[PDB]
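Peer 1: need a 3D model of the sequence below.
(chains A and B, ligands or ions: 1)
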Amino acid sequence: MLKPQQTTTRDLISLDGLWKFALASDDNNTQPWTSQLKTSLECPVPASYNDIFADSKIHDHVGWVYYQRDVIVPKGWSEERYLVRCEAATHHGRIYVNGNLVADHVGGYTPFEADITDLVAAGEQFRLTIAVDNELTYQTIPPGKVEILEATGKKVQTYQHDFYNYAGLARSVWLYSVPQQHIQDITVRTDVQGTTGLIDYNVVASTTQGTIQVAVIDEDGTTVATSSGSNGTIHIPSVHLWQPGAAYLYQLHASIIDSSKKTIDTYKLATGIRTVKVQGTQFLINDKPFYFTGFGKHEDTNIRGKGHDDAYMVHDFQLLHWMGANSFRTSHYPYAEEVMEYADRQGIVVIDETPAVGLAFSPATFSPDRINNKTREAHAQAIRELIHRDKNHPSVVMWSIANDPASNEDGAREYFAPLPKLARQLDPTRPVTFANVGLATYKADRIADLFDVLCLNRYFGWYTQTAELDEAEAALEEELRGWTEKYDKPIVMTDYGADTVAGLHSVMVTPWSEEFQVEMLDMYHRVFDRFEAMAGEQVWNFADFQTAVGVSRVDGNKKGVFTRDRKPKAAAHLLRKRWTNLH
Amino acid sequence: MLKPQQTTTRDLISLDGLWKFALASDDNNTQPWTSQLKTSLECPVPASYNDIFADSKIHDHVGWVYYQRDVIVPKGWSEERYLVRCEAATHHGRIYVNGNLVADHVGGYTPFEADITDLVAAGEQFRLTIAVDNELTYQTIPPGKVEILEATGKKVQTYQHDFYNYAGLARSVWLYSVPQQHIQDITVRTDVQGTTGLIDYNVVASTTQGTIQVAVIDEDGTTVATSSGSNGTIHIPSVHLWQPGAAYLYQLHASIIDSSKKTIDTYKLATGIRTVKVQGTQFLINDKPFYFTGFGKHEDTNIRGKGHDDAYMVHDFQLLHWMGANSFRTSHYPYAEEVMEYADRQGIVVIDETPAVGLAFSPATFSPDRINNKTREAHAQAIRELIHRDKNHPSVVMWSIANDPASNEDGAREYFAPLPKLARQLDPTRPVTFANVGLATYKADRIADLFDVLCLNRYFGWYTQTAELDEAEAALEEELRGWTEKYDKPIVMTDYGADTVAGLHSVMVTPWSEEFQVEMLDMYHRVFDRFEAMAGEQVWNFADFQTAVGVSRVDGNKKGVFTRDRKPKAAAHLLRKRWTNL
Ligand SMILES: CC1(C)[C@@H](O[C@H]2O[C@H](C(=O)O)[C@@H](O)[C@H](O)[C@H]2O)CC[C@]2(C)[C@H]3C(=O)C=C4[C@@H]5C[C@@](C)(C(=O)O)CC[C@]5(C)CC[C@@]4(C)[C@]3(C)CC[C@@H]12
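Peer 2: Numbers count the residues shown, from 1 in each chain, chains lettered A, B, ... in the order given. Here you go:
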C-alpha cells in the first residue's frame, strides 16, 4: 500500500523511539516474541543497531534480533481499519502482535505491513515484537554467505560488496488507520502535448460501492483540473513542467466519494509533470538534453548506520546545491522514501537502484551453486517492490538493476535478460540500466545491449595503473572509444575516484592524498569532455562510509569527496568549480 | 674572517659529529672544560639540543651546557696558522682548549673563532670544550628575563617572541688552516655602466709583503678580467647580470703572490652583478621594478630544532620554485650562511634580518630599566656582525633591523635612530627596513621615516576580533591608505596569514580550517592589488614551527602554508596559482 499519511480520513502514529532490544541466542527461551523481552538494552529504531551499543557481540551478531514495545490502538479507531508498517527491516523482518506472526518480509530496503484490525481492538494495548535477521545467503539480494571460524566457532558473514552489512530497523515504524473503503494504490504517468500536460492515472481502491474523484491542485492551492472514475486522463493547460534544478509539483488528491457527495477517504499524491526519453546517445528530460553531475551516495552516518536522518539529508542536499551537483544514484539499495520525496521538491535527479550488488565472485558466479534461478526470483521481487514504491517520483529518472555484476561471464545474459523487460513492463515511463564493472569491458560484457543507458564504474587511476595518471588516461580513453563505437546509447560514468584521507597532503603524485584525488577526477573530466556520447559523470563517493573490516580499508571506505561527518576534502572544491561553471 | 674553504693553500676539517654533552650543575665540577667529561650523553653538532634527548630536564634547562670532543691538528699544518670556528652557538658560546678559554661570543646566530696556532702544535691532540648559554636578559639581543616559579623553584625563561628558544650548536663547527700571509676579508660591490659590469673590490690581508692578484672567472671557466692590488675596480664587458629569474655568478679568485710568481694564498668568492635601488614606491633590481612574492620562514625542523639541514634547505627551495615564490625573509635571525650561498645560486631574493625581535612588552619598552642603550649596543653589534658576514651575497637585497618593535612608544625613535644609519654606513649598496607591528599604525609609528622600505605585519587579528572577513578587509584598506598617503616608500607586507590545521575542513567560514586560510589570503591579495605602492607580499609562515607553550599555540604555531614536515595545505596551491601567473 501507499506510503501512509494523515488526512481528514486517515490517522498515523509514529512508533519511533527507544525499543527493548535483544539478540537471539541458544537459551531455553527460543521464542522471545511470546512474552515481555528481558533486557536492559534499548535500541532507538530509526537506526541500524550495529554501532549503537559499543559492544562487539551485538555488532558482529549473525542471525535474529528482537525489538519490542507496547502499543495502544486509539479508542477512536473502532469503525476503521488499521495496520502496523515497517518502512524497512534490513534484511528480513517479521511482525508479531502478542505472539501472533502477522507479516514476514524478505528484502532489506522496502516497506511491509500487517492489517491487525481484527486481532486487536480499538483502545486495546498490545505487545509489538519485530524480529529482524541479517543473514545473507546466495539467494538473498545482496547475496553472501555465513561461515564458521575453525578454532573458535564464531559465526561470521562474508559478502562481495563494500558497505558494511548494517542491520535492524533503519527506517521508521508506524501504526496507522485507513477507512473500510480505502485507496490502496495510485499510478500516475505524465506526458506533454505542446504546452498541455497530461496525467494518466489509475487508482486502486478496496471497494467500488461509492466512487472515485480526483483533483489536481497547483502549488497555489488552486484546483486546476478534475476527473471522475478509478482511472483516466487529466488535461492541464499551460502546465508548469517539473525541471532538473527547478522543481514544480502539483498535488493529486484521490478521494473516495459515497452516494451523497460526501468524502469517505482521501489521499494526497505529489506529482511532477516530466518526460524521460533516450534518443540515440542523448538522455532527454522534457525533450532537452541532460548531463548528470553528482555522486553515488550511501545511507551512512557516524552512529546510526543506515538509519535515516533528516538533518544529514537536508544538509547533504544543501552541499549538492553548493557544488552544483544535479543528481545522485541510490547506490546499492533503495534509499528512504522520504529522500525521494525530498529529491522531487529539491529538483534533484535520481538513479534509483535495487539492492542487487555483489553478484560477482571474482569460480562461476552464474551457476546453480552461485547466483541461480532462485536468486533471480529474489532479484525480480526487488525490482517489483522498488518500482511499486517509487513509480510516482518525477525525480527518479532511471532504474538501475544491479551494480558490478559479473556481466562478462557465461550465463550472465541468460540470468539478466528477463530483468530489463520486467522493469520496462512494470514501468514503461523510464529507461533501465545497470552499473558495469571493469572486467566487463566493451568487448567482454555480454549484457549491455539489453539496457537503454550504459553506466560504467571505472578506477584506472587508483586500482590498476596505480598513481600512473597518463597510463590511466590512455586506458580510460581506449575503453570509452570502445563503448562509443560499439553502442548508440548514452554513457554515464557512475563510479570513479580514489581513497583519500583528509589532511594527507603531498606536492607529488601520492595516492590517498588530497592532491591525488583532485588530479584523478580532473583527468577523468578531461577525457569525458572529449566524447560526445557522455551523458553524465557521478563521482564515487559523496562521503566516506563504513565497510567490512579489511587491511585495504582504513576504517571504511575513504573515496568520499566529503568526510563521514561531511567536511569537504580538496576534491569537493574542484567539483564545485567544474559543475557550477558548465551546464 | 671569511667563511673558511679548502684551497690549494688552505685545509678545512669538519668537526661535526656526535660530541659529549652535559648540562651545567651546582656541584664541585664547577669547571667541566678542565677535564674529560665522563657523561654518557652524546649530542649531534649541527643541531639544537632541546628535542633531541626526549628529556624534560634538558629541554627546559636554563643556563650553560657543555659539548666536548678531542681533536687532532694535522701533522702537515706546521708552517701554518690554524683556527677553530663555530658558525653559530645560540646564544652565547665559549671555546676552550684544554682548560684555557680562547673565545667568548655573545650573539646567537653569527660565527666566532680562535687562533690556536700557538697553543697546540701540528700533530697534537687536544680537548675541545664548547660552552653554550641560552639565558636571555634585557640586554641580549633577542631580549628576555629568567624567572623563578615560586611554588616549585623551577628556573624558567620568559621572552616576547613566538618561536621556541632552541639552543646549542645549531651550526657546523670547524678546524681550519690558513697560511701566515692570508686574506682575512673581501668586500665586493657591483654596479653597471651600460652593458659593462663594474666590480669594486677591497681585500684585507694579514700582511702586505708580496702583492694581491684578482681573477674574475665566468660560469664557463673563462678568465674574463684581472686586477692587481688590494683594492680596485674591475670591468666586465657585456656582463651577464644576476637576476631574480635567473642567477648568473662570476667567481672571483683573490690571491696573495710572493716575490716570484708563486701563489701563497687564494680564496674563491662567488659574486653576482646586480643593483638594488629604491625610487619613490618602487623597489628596483637592475633598474626594473620588482615585486616580492614568498614567505617569512624559520630555521625549524622536527627533531634538530634550528640545526641546519641541507636536505630541508634544498626541498624548501624546490617548494618555493614550485609555487613560483621569488623571495623570503630570514625571520627572525640570520640563517645559516649556506642558505645565503644557496639563495645566490638559486636566483632567490632575500630580506636578511637580525635577531632583534621581541623589543616590545605589549610597561614602557624603551627605558633605562628595560630595553636601553646597553641593549642598543648588542643590537648595533648584531647589525655589524650580520652585515660583515652577508655583505657579498647578491641574493641579499635589503637588511631588516628588527621585527615587531614597539615603534609606537616614547623612547623608540631615540633607541632606533643610530641603527639604520649604521647599517647604510657598513653597507651603502642596499636599502634598510624593519618589520612593523599592528599597534604602530600609520599614525602611531615614529620610526618609519628613518627607513627606506616599509614592511608591515598585519595579521587579521589586528583588525577583527571575530574572524569577520569584510571587517578585516575594510580595516586593512583603511590602514594601507594611511601608509600610502603619508609615506613615499615601497610597502611590503611581511606577515599575513591564519592558524590552520591540516585536515580541518569546513564549507563555512571557519578559522582553523584550510578554507579559512585560503579565503583570508585571497582577500588580502585583492586588497593589495588596489594599491600601486605595494612592492611585495610574503605570507606568514612558510611552514609550521615550534613555539613556547601557549594555550593559544597548538603544539606550536600553525600559520604554516606547509606543515612542519613540508606537506602543502590548500593555501600552498592558492599561492601557487597567484605567483606562477602575475
Ligand atoms: C569493487 C568493485 C565492485 C567496484 O565497486 C566498488 O567501488 C568502490 C571501491 O572499489 O572501493 C566502493 O564503492 C565499493 O568497494 C564498490 O562498490 C570498483 C571497481 C572494482 C574494485 C574493480 C576494479 O577496480 C578493477 C578490477 C581489475 C580489472 C581486471 C579484471 C580487468 O578488466 O582486466 C584486471 C584485474 C582486476 C583487479 C579484477 C577486479 C576488478 C574488476 C575490480 C577490483 C572488481 C571489483 C570492482
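
Peer 1: secondary structure class for residue A:386?
Peer 2: Counting by DSSP: H, G, I helix; E, B strand; the rest coil, the backbone at residue A:386 sits in helix.

Peer 1: hey, where'd the strands end up in the stretch 401-550 of chain A?
Peer 2: Under the criterion DSSP state E, counting those that start in this stretch, the stretch 401-550 of chain A contains strands at A:432-436, A:454-457, A:491-495, A:534-539.

Peer 1: flag every residue of the stretch 451-583 of chain A that's near the ligand.
Peer 2: A:457, A:459, A:463, A:464, A:495, A:540, A:541, A:557 (CB under 6 Å from any ligand atom). C-beta coordinates here come from the backbone N, C-alpha and C atoms, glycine included.

Peer 1: contact partners for the fourth one?
Peer 2: Going back to what we said before, that points to residue A:464. For residue A:464, the contact set (CB atoms under 8 Å, 6 or more residues apart in numbering or on different chains) comprises A:438, A:472, A:475.

Peer 1: ok, now the fifth one?
Peer 2: Residues touching residue A:495, when contacts are defined by CB under 8 Å, 6+ apart, comprise A:296, A:435, A:456, A:457, A:458, A:459, A:538, A:540.

Peer 1: then the first one?
Peer 2: Going by CB under 8 Å, 6+ apart, residue A:457 touches A:403, A:404, A:435, A:436, A:437, A:438, A:493, A:494, A:495, A:496, A:540.

Peer 1: and which of the residues you listed is nearest chain B?
Peer 2: Nearest to chain B out of those is residue A:540 (CB to the nearest CB; 19.5 Å).

Peer 1: how about the closest one, nearest residue that isn't a chain neighbour?
Peer 2: residue A:495 (3.8 Å; CB to CB, 6 or more residues apart in numbering or on different chains).

Peer 1: let me know the secondary structure of residue A:319.
Peer 2: helix.

Peer 1: just checking, it touches residue A:566?
Peer 2: Yes - with contact defined as CB atoms under 8 Å, residue A:319 counts as touching residue A:566 (6.7 Å).

Peer 1: so which of the strands of the stretch 401-550 of chain A is the most surrounded?
Peer 2: strand A:432-436 (a mean of 26; mean count of other CB atoms under 10 Å in any protein chain shown).

Peer 1: what's it in contact with?
Peer 2: Counting by CB under 8 Å, 6+ apart, A:329, A:351, A:353, A:398-405, A:407, A:416, A:420, A:423-424, A:445, A:447-448, A:451-457, A:492, A:494-495 sit against strand A:432-436.

Peer 1: what residues does residue A:481 make contact with?
Peer 2: residue A:531.

Peer 1: surely residue A:575 touches residue A:539?
Peer 2: Yes - contact status for residue A:575 versus residue A:539: in contact at 6.6 Å, counting by CB under 8 Å.

Peer 1: what do the two both touch?
Peer 2: A:521, A:561.

Peer 1: now do stretch A:500-508: distance to the chain's middle.
Peer 2: The chain centre lies 32 Å from the centre of stretch A:500-508; the measure is CA atoms, centre = their mean, to the nearest Å.

Peer 1: can you tell me the closest non-neighbouring residue to the residue of chain A found nearest chain B?
Peer 2: Residue nearest to chain B within chain A: residue A:503 (2.2 Å; CB to the nearest CB). For residue A:503, ignoring the flanking residues on the chain, the nearest one in space by CB to CB, 6+ apart is residue B:503 at 2.2 Å.

Peer 1: residue of chain A nearest the ligand, please.
Peer 2: residue A:162 (2.9 Å; CB to the nearest ligand atom).

Peer 1: list the contacts of that residue.
Peer 2: Counting by CB under 8 Å, 6+ apart, residue A:162 has contacts A:547, A:548, A:553, A:557.
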